[PDB]
Amino acid sequence: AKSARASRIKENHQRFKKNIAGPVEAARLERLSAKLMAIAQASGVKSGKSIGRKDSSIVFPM
Amino acid sequence: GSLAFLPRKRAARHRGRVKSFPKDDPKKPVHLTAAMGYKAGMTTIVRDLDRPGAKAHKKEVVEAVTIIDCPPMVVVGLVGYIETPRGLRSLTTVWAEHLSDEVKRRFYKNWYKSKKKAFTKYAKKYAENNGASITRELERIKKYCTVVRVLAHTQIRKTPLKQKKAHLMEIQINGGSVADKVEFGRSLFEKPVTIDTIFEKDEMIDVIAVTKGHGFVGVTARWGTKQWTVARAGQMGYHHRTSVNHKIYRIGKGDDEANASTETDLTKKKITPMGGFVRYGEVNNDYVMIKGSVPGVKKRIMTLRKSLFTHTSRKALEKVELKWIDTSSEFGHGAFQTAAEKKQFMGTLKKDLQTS
RNA sequence: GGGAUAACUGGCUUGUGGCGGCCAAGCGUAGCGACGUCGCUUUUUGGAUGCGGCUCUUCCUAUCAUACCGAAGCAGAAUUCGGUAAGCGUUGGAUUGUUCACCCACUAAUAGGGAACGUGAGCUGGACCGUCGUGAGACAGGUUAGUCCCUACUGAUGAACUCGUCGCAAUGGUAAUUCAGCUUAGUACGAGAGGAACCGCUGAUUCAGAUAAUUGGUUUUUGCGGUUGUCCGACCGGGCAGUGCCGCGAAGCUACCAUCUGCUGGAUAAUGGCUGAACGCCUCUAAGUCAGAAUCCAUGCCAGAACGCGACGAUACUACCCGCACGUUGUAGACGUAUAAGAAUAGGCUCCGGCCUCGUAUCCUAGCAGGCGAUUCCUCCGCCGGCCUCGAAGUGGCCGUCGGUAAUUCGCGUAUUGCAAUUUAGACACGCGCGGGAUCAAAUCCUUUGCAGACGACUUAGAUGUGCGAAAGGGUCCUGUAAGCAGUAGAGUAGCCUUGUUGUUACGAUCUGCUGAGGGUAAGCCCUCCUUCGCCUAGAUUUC
RNA sequence: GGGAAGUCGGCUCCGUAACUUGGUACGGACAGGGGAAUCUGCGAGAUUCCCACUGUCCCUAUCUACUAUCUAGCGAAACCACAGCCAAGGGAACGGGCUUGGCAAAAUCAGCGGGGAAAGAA
RNA sequence: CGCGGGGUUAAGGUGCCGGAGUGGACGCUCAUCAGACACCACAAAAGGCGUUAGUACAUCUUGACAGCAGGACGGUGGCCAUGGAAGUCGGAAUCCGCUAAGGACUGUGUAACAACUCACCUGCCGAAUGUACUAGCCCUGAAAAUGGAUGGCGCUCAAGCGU
């Protein structure tokens, strides 16, 4: 019996993944993400545009 | 036993953690990975099987299915992580405004005697023109992070449980640029997300839970007998498990009023068994109906997540035509789907005359 | 009877016999002598054996099977020999005192060994004297030796780092296995008989991890009913027989007696190649490189370092931040603790002229431990702000104010620390102070819960609520038709008066009706619109 | 009580008539019971299944004996040079302290299947 | 070999652990668990298309080795044997001519031929080769079973080997 980690079995799984499950899950994800989007859309320093500082060690203290 | 589930220890946390989200690429659409629910029980069904090559092909088979009460989860935060030579590091998290009493209960341990003062300064940070700082945190997530997760909590006060403390977890966002994921989460703030929005029917998922404990049990039941390699006595049960490849057979909407009805059985009935789920109650919310047994006791917190790998089987590409769902009593040998059926079968009674 | 020796093997052991002749590079100047070949064993017709057995852990490969290869008249199928492989599995019968061989059944196959003088752990099936003899032994003649704790492992708690929530993942563990059926296909192949395989599909064995809808089993639900003996005077309702006995029996627990799930990348070995030298042919190899095993390392999976790390929430005192006064406060060890390209080394850099052994280089480097004033200078520092920048464990640029400043020269002061005595001078940390700003929290005990449990521990609830608790009602399950009354239904047991062709009056098993009634129902079932009653902002400890 | 294993296991007499006290012909009777069920209308009721032995093994049943966590109180003994983590090496089949490496973090609870026990040699 | 201070050595060492050299000169070796003083054993007249040094013999501008382009012929399908056997299923002899050279043939091949190829020869090319041994270093020259040992790290123009 071919092991579950056999190279030929892995290649067959890769082909099956790429030619059937790929498209099926892509369509499923498109619909689900559509529903997610439906529910979702249902000065620099003084404004936050410039990402500034909020509020053991890696170096030796001098 | 297996030397792969050792150090046979009690689960460090009751919730159970995902430990691995599926790998992310920007080409897919933006979506959430995981969800949460509470085990209500399990029941019996009949499926018209279409497994080309099987002896039960084009035949009716009887199957056991587990039912998960899934009230909509609420998004209350957004966390951003960065890649480092030591792994992923949580760079920063920005919460939502108007957190719920249930998530604040999650934060507190003695909620009754406490002054309920959590996140008040953070709400003031929203309101008092520190929104510059909050936008700065969002932009830091946009420009520095590689993976984004969203903070979401369940609705106990809809779940028929004595508990009042909710459950937080991070659900990873996949399929897009970091900016797209940040905008998605920020827009998802203060909004309920549904299980039919995260998953749908016909899809195999992975269930993370803590399997039931049995206390100090000897080797006879701990391993299955007649150095770490030698069977020893100790804790058996209460173990974190991730069970893979469980088929989502149905998602019931809770407000449908005909959740258990199929296109073959024209009975306006819901999923809750006649008399209620034993030790759980009634399912009045969105529920997930999945094949087979699942780790965890009734009313236990459960994590439902997407499969890590694209599937390699025809059982994952199949449609599930349901014929009927059992709603008889689980409290004993029940033979009636509805109280109306029981009354029609047994006629009228002495107490019926006395009351009427 | 005396003397010596008193254990013994310990880079031991394995696949190829010994003897004689011939040949024989050599050594040698006759003798030693391998590989072969000849002669003997040995040829012209097809039982042996005289400590064993079973279970479990781990390891070896000297591999029986499964995976991949090389060869064989290997047509196909079935195979044989050999190579890489220990990832994964690895019997029974007959017989015998036991074992083996042979022989016989399954099976994919039903390999061999080690645990180191005690064959890992567990279980099981005599010599000294005395006497009498000696062609030789005998003695119920005596004597004699018979040496509950620490730790490993397996689980469970845990102090200090304020409590808490959400995470990361160093390291350690690691898992799947074999068979069958369908299609390919009665195809390739074959005279015939026969007869595959790759892709694709569906099941089953073993192993592993879960789960209880269903289906069995289990019953202290002592839940309901029947029944034996005795007792409470009888009915009813019950006690006793360490759970009397029987039947059903939820809940819980269980069961390959039930059901569910078991996942994918890279690099390799044998081997097969590409380009191409050594060596003007050639060559898979030397430089370079392609594929390839159930192998190796990882992902998926389990744990999480209790002295590994991160994000966020709220932080009463304390001191939470700031200014500056310091500390007779700590430091595996300031004293200019100064200096960022990348990349090659059979090459590189650049200002595009040229330069590169060489960091014995560049910057900085003067002043009472660094004073005061002036001539003169726009040079180098510094602190605050503004705009922006830096996320691998988070900083720097420009501008702006203000502050200091030998690039040149000069004046006034240095003395006395007495001829040297660490030139107490930096940094980070922590403490104690002042005067300015800000804030008014949690955990534990306790009661409670059963998603948990040896006990800790864990999931919960406890401040007014979609609250908690006790009852009740309804629902759902279990049992199987309560007590009592009545009907001439009533098998039967007896009185009235006289014949009864229909005589009456009483009792009465059993039957039927009221009665799927009666009882139990969460103790680890379900629901409650004001169903009823009650409870409640506590009291003790601890925390920067 | 049940299951399993092995077996070679399952499935003539009375009266009557002639003959030499005994035989001969004739007539009649013989060559089951128990338990569990199914089918037709209790019925000649019809049909189905199980009955064994053993110096064998296992399980169920009864009896006997030892079997027991925490709390309050009370309360010993055995034994004790000092100790207790490993691997290699340490000529004298010798390691526990030595060499050099793996490492190594307070205080505990429970389980326990390993170690802390063994020769003397013809 | 009394208790102390100073100096210098031995055997052994100088990549810290570890005091003293990543000291100097000339070479050699890459090992799929090298070696670091074991040289006793396995172990042989052993296997190596690893590498370096050397001894002997032989061929070379009269053109050596390797290659490429060509020849490789005739008596003769020599004798015997075979159903068939022509150099090439088999036994034995194995000569001559033409020669530059060519075996009564070294392999592939045919039923037997035919055909190809080797031996040998010539042309092109152009300068050193090729056979056996010897001596160093290196690979093999046999190994089981808890995880471990040049003392450990590690070391490759060495931190290995010789002077």
# chains A, B, ... in the order shown; residues from 1 in each chain; ligands from 1
$ interface_residues --of "chain C" --to "chain B" --cutoff "8 Å" --atoms "only C-alpha atoms (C1' of nucleotides)" --output "PyMOL selection string"
chain C and resi 57+153-155+164-169+173-175+182+201-203+208+210-211+213-214+250-251+259-263+300-303+310-314+391-392+442+451-454+459-463+466+475-477+524-526
$ interface_residues --of "chain C" --to "chain A" --cutoff "8 Å" --atoms "only C-alpha atoms (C1' of nucleotides)" --output "ChimeraX atom specification"
/C:66-67,178,264,294,334,337,387-388,393,427-428
$ residues_around --residues "residue A:34" --least-positions-apart "2" --cutoff "12 Å" --atoms "only C-alpha atoms (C1' of nucleotides)" --output "ChimeraX atom specification"
/A:27-32,36-42 /B:29-32,196-198
$ write_last_selection --atoms "N, CA and C atoms" --output "short mmCIF file (atom, residue, chain, number, x, y, z; two decimals), in the first residue's frame"
data_model
loop_
_atom_site.label_atom_id
_atom_site.label_comp_id
_atom_site.auth_asym_id
_atom_site.auth_seq_id
_atom_site.Cartn_x
_atom_site.Cartn_y
_atom_site.Cartn_z
N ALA A 27 -15.38 29.64 -5.74
CA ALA A 27 -16.75 30.13 -5.83
C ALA A 27 -17.37 30.30 -4.44
N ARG A 28 -17.14 29.33 -3.56
CA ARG A 28 -17.66 29.41 -2.20
C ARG A 28 -17.14 30.66 -1.49
N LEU A 29 -15.84 30.92 -1.61
CA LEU A 29 -15.24 32.08 -0.98
C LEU A 29 -15.75 33.38 -1.59
N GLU A 30 -15.99 33.40 -2.91
CA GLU A 30 -16.56 34.59 -3.52
C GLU A 30 -17.91 34.93 -2.91
N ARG A 31 -18.79 33.93 -2.80
CA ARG A 31 -20.11 34.19 -2.21
C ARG A 31 -19.99 34.63 -0.75
N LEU A 32 -19.16 33.94 0.03
CA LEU A 32 -19.03 34.28 1.44
C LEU A 32 -18.46 35.68 1.62
N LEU A 36 -19.88 38.98 3.55
CA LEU A 36 -19.08 39.76 4.50
C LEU A 36 -19.06 41.24 4.13
N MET A 37 -18.85 41.54 2.85
CA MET A 37 -18.85 42.93 2.40
C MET A 37 -20.20 43.58 2.62
N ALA A 38 -21.29 42.84 2.38
CA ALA A 38 -22.61 43.38 2.64
C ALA A 38 -22.76 43.79 4.10
N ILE A 39 -22.39 42.91 5.03
CA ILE A 39 -22.51 43.27 6.44
C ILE A 39 -21.57 44.42 6.80
N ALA A 40 -20.36 44.43 6.25
CA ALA A 40 -19.40 45.47 6.59
C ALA A 40 -19.84 46.85 6.10
N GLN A 41 -20.44 46.93 4.91
CA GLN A 41 -20.82 48.22 4.33
C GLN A 41 -22.29 48.50 4.61
N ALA A 42 -22.89 47.64 5.44
CA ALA A 42 -24.26 47.87 5.89
C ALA A 42 -24.38 49.19 6.66
N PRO B 29 -10.43 36.89 -2.04
CA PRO B 29 -11.20 37.98 -1.44
C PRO B 29 -11.06 38.00 0.08
N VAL B 30 -11.39 39.15 0.66
CA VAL B 30 -11.25 39.35 2.10
C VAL B 30 -12.31 38.55 2.82
N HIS B 31 -11.89 37.75 3.81
CA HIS B 31 -12.82 36.90 4.54
C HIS B 31 -12.26 36.59 5.91
N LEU B 32 -13.13 36.10 6.78
CA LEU B 32 -12.76 35.68 8.13
C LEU B 32 -12.55 34.17 8.17
N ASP B 196 -23.74 31.94 8.98
CA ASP B 196 -23.96 31.77 7.55
C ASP B 196 -23.13 32.75 6.73
N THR B 197 -22.68 33.84 7.33
CA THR B 197 -21.75 34.74 6.68
C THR B 197 -20.32 34.21 6.70
N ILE B 198 -19.91 33.55 7.78
CA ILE B 198 -18.55 33.01 7.84
C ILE B 198 -18.43 31.69 7.07
#
$ residues_around --residues "residue C:381" --least-positions-apart "4" --cutoff "12 Å" --atoms "only C-alpha atoms (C1' of nucleotides)" --output "count of residues only"
3
$ residues_around --residues "residue B:268" --least-positions-apart "2" --cutoff "8 Å" --atoms "only C-alpha atoms (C1' of nucleotides)" --output "list in words"
residues 257, 258, 259, 260, 261, 266 and 270 of chain B
$ interface_residues --of "chain D" --to "chain B" --cutoff "9 Å" --atoms "only C-alpha atoms (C1' of nucleotides)" --output "ChimeraX atom specification"
/D:110-114
$ select_by_dssp --residues "stretch 196-308 of chain B" --states "strand (DSSP E)" --output "CSV table (one decimal) with C-alpha atoms, in the first residue's frame"
chain,number,residue,atom,x,y,z
B,204,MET,CA,-16.0,20.7,5.8
B,205,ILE,CA,-14.5,22.6,8.7
B,206,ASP,CA,-12.2,21.9,11.7
B,207,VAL,CA,-13.5,22.0,15.3
B,208,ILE,CA,-11.3,23.0,18.3
B,209,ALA,CA,-12.5,22.0,21.7
B,210,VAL,CA,-11.5,20.5,25.1
B,211,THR,CA,-12.6,16.9,25.3
B,212,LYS,CA,-14.4,15.8,28.4
B,213,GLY,CA,-12.5,15.0,31.6
B,214,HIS,CA,-12.8,11.9,33.7
B,215,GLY,CA,-10.2,12.7,36.5
B,216,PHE,CA,-7.5,10.4,37.8
B,217,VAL,CA,-7.9,7.2,35.8
B,234,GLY,CA,-2.9,10.1,35.9
B,235,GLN,CA,-5.3,12.6,34.4
B,236,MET,CA,-7.5,11.1,31.6
B,237,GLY,CA,-9.8,13.5,29.7
B,238,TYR,CA,-10.1,17.3,29.6
B,239,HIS,CA,-7.7,17.4,26.6
B,240,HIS,CA,-7.3,20.0,23.9
B,241,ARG,CA,-8.2,18.5,20.5
B,242,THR,CA,-8.5,19.8,16.9
B,243,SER,CA,-10.8,17.4,15.0
B,244,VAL,CA,-10.5,17.8,11.2
B,245,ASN,CA,-12.8,17.3,8.2
B,246,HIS,CA,-16.3,17.5,9.7
B,247,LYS,CA,-19.0,18.2,7.0
B,248,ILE,CA,-21.3,21.2,7.6
B,249,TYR,CA,-24.7,19.8,6.7
B,250,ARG,CA,-27.0,22.7,7.5
B,251,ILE,CA,-27.1,26.2,8.9
B,252,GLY,CA,-30.5,27.0,10.4
B,287,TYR,CA,-27.3,26.8,14.5
B,288,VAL,CA,-24.7,24.7,12.7
B,289,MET,CA,-25.5,21.1,11.9
B,290,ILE,CA,-22.4,19.0,11.2
B,291,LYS,CA,-21.8,15.3,10.6
B,301,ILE,CA,-17.4,26.6,24.1
B,302,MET,CA,-16.4,25.5,20.6
B,303,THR,CA,-14.1,27.0,17.9
B,304,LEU,CA,-15.1,26.4,14.3
B,305,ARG,CA,-12.4,27.2,11.7
B,306,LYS,CA,-11.8,26.8,8.0
